[PDB]
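So, in structure tokens, the structure goes:
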């Protein structure tokens, strides 16, 4: 039994990857999805985990620093971009991201859906982008912060939040939301997903080899992830 801990934004792609792999190989792959920060802290506490996929470099390096992953057992798997979404049934024309007043008009009496901004990668990237737009001090007090990016997505899908900040890949799989605009590359740190191998089991190594292979990369591309050079 292999235990894979993966950022919530990886839910669908890892499910697809497990499915593809599981036909050629007689191994039981068990998956746990959640915010990358929470997953990492669970692993640090001793949770059985063979592999970890984070939505930022920092949480995988956290495990290296603590001595639970060797530095050469982390490889970058994929990249993403960050988007502003709305519920499909609630239209809002795009606006100047640096226009704090246009944010407060779109929000109206609601809150901006984001993952927890201090620790969850999607929240950290959101905060960076809003800081870069020059609108953070205004929006600071108008967030609905969730434990992971998929819970942020769901607030928007339900129409509870009229705007949210998620990854491009999260929007792409949902018909209940529409992309308002994408944040610029300059607005946040490049979104990169490391894959950390937490032990030397042969099965962990063969999984990693598959995840780095062309077959796995084609699946990640189809779910909307970006390649890394």
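Residue numbers (the authors' numbering): 25 to 253. Note that CB positions come from ideal geometry on N, CA and C, so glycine has one too.
- Message: By DSSP's criteria, residue 45 is part of a beta bridge. Which residues make up the other side?
- Response: Working through the chain shown from its first residue, we reach residue 45 at position 21. According to DSSP, residue 45 bridges with nothing at all.
- Item | Minimum C-alpha distance to residue 40 - residue among 252, 236, 240, 250 | Counting from 1 along the chain shown, the entry for residue 40 is found at position 16. Selected option, being the one with the closest Cα: 240.
- Message: Can you list, in chain order, the residues of its chain with a C-beta nearer than 7 Å to that of residue 120? Leave out the 5 residues immediately preceding and following it.
- Response: In the chain shown, the residue the question calls residue 120 occupies position 96. So the qualifying residues of the chain are 126.
- Helix, strand or coil: how does DSSP classify residue 221 here? Against the chain shown, residue 221 aligns to sequence position 197. Reduced to three states, the DSSP call for residue 221 is strand.
- Message: So, with DSSP's three-state summary, where would you put residue 161?
- Response: Working through the chain shown from its first residue, we reach residue 161 at position 137. In the structure shown, residue 161 sits in a helix (DSSP, three-state: H, G or I).
- Flag this pair as touching only if the segment 67 to 83 and the segment 215 to 222 have three or more C-beta atom pairs under 8 Å; answer yes or no. Yes, they touch.
- Span of the beta strand (DSSP E), counted from its first residue to its last, around residue 110: The residue you call residue 110 lines up with position 86 of the chain shown. Note, residue 110: beta strand (DSSP E), 106 to 111.
- Query: Skipping 5 residues on each side, what residues in its chain have a beta carbon closer than 8 Å to that of residue 211?
  - Reply: The sequence position of residue 211 within the chain shown is 187, counting from 1. Closer than 8 Å at the Cβ level, and outside the excluded window around residue 211, lie 106, 152, 153, 156, 157.
- Item | According to DSSP, residues forming a beta bridge with residue 206 | Residue numbering aside, residue 206 sits at position 182 when the chain shown is read from its first letter. For residue 206, which the question treats as bridged, DSSP gives the partners 107.
- Task: Identify whether residue 182 lies in helix, strand or coil by the three-state DSSP scheme.
- Result: Indexing the chain shown from 1 puts residue 182 at position 158. In this structure, residue 182 counts as coil in the three-state DSSP scheme.
- DSSP state of residue 51, grouped into three classes? Numbered from 1 along the chain shown, position 27 holds the residue referred to as residue 51. DSSP places residue 51 in coil when its eight states are reduced to three.
- If you draw a straight line from the alpha carbon of residue 245 to that of residue 251, how long is it in whole angstroms? On the chain shown, position 221 is the one that residue 245 refers to. On the chain shown, position 227 is the one that residue 251 refers to. Cα-Cα distance, rounded: 7 Å.
- Item | Proximity to residue 132 [Cα-Cα], best of 166, 108, 38, 173 | Residue mapping note: residue 132 aligns to position 108 of the chain shown, counting from 1. The residue with the shortest Cα to Cα distance from residue 132 is 166.
- Spatially closest choice to residue 200 from 215, 184, 206, by CA coordinates: Locating residue 200 in the chain shown gives position 176, counting from the first residue. Of the candidates 215, 184, 206, the one whose C-alpha sits nearest the C-alpha of residue 200 is 184.
- Item | Paired residues, beta bridge with residue 189 - DSSP | As a first step, residue 189 is located in the chain shown; it is residue number 165 there, counting from the start. Residue 189 is bridged to 108.
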